[PDB]
There are 2 protein chains.
Amino acid sequence: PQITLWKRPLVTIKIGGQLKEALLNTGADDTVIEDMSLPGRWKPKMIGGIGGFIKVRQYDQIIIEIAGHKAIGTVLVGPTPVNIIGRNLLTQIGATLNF
Amino acid sequence: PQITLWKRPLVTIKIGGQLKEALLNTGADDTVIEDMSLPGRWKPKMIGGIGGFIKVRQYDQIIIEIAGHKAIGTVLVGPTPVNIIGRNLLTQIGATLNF
Ligand SMILES: CC(C)CN(C[C@@H](O)[C@H](Cc1ccccc1)NC(=O)O[C@H]1CO[C@H]2OCC[C@H]21)S(=O)(=O)c1ccc(N)cc1
């Protein structure tokens, strides 16, 4: 699709069998989702947002559907205001910015 | 332009007579620029994301040139770690997400 930006670019994602909502986020390097159970091991990561740096759980090679497109990659789990799909997965679904 | 998302989508902006580098940010309602002086009235605002909230100054009816395109709207100014062009100005230059 072509998504205009008058409203938040919210899409449905599917991860661990659960449907969730997430923001398509060109301003994020990484994908960050609210606390949920994911399979496998995780590793530590510090990410820096508008308010400062926080600790999150980094899960690699996680299967996730984004607006109907399958991606498999890194998902960070931690205290974010809204679920965000960052560039690591936007590239997998072939997303570009256009004007 | 068509901007791929392998790297941060950074562009050159002109604001308050100054050139700055800024991130094109579909994940941000508002545009937020590192602290600087702007002309006219302002009022305080709190904005929150990863890491919590920061206090900013809200200036309305500010003209910015974004990668050669002039837009006008509200600009928030404060201690953001990165200059962010949010949806309020991205709409004005006709920016879309496409996949
Ligand atoms: C968290 C989003 C809901 C909102 N944010 C925009 C977001 O794109 C920021 C924009 C941003 C970008 C860089 C630094 C600080 C903030 N990116 C971000 O937090 O990304 C994190 C996840 O991937 C990492 O790569 C960048 C930082 C990490 S935000 O900066 O916090 C924000 C919040 C409120 C307003 N009004 C305007 C902006």
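FYI, side chains are in, hydrogens and waters are out, and symmetry mates aren't considered; it's all heavy atoms of this structure. Atoms within each ligand, like the ligands themselves, are counted from 1 in listed order. Every chain is numbered from 1, with letters handed out A, B, ... down the list of sequences.
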With a cut-off of 4.0 Å, which atoms of ligand 1 are near a heavy atom of [X]?
X: A/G48; answer: 14 (C), 15 (C), 27 (C), 28 (C)
X: B/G49; answer: 31 (O)
X: B/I47; answer: 34 (C), 35 (C), 36 (N)

Where does [X] meet ligand 1, judged by heavy-atom distances below 4.0 Å: at the side chain, the backbone, both, or neither?
X: B/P81; answer: side chain
X: B/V32; answer: side chain
X: A/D30; answer: both
X: B/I84; answer: side chain
X: B/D29; answer: neither
X: A/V82; answer: neither

Quick check: does any side chain N or O of B/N83 sit under 3.5 Å from a backbone N or O of B/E34, one acting as donor and the other as acceptor?
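Side chain of B/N83 to backbone of B/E34, a donor-acceptor pair under 3.5 Å: yes, one is there.
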
So, B/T12 side chain and B/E21 main chain: donor-acceptor pair closer than 3.5 Å or not?
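It does not hold such a pair.
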
So which heavy atom in the protein is nearest [atom], and how far is it from that ligand atom?
atom: atom 6 (C) of ligand 1; result: B/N25 ND2, 3.5 Å
atom: atom 38 (C) of ligand 1; result: B/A28 CB, 3.8 Å
atom: atom 32 (C) of ligand 1; result: A/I50 CD1, 4.0 Å

Assess whether side-chain contact (heavy atoms from CB on, under 4.5 Å) is satisfied between A/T74 and A/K45, documenting all intermediate values.
CA-CA 11 Å; A/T74 297; A/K45 192 178 173 73; over 6 Å; no

Who gets closest to atom 12 (C) of ligand 1 by heavy atom: B/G52, A/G27, B/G27, A/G78?
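Among B/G52, A/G27, B/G27, A/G78, the closest heavy atom to atom 12 (C) of ligand 1 comes from A/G27.
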
Take atom [atom1] of [X] as the centre, draw a 6.0 Å sphere, and report whether it contains more than 12 heavy atoms from other residues, nucleotides or ligands.
X: A/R57; atom1: CZ; answer: yes
X: B/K20; atom1: NZ; answer: yes
X: B/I63; atom1: CD1; answer: no
X: B/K70; atom1: NZ; answer: no
X: A/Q61; atom1: CD; answer: no

Judged by non-hydrogen atoms, does A/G86 sit under 4.0 Å from ligand 1?
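Under 4.0 Å: no for A/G86.
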
Under 4.5 Å between side-chain heavy atoms, hopping through other hydrophobics if needed: is there a path connecting A/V82 to A/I66?
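No.
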
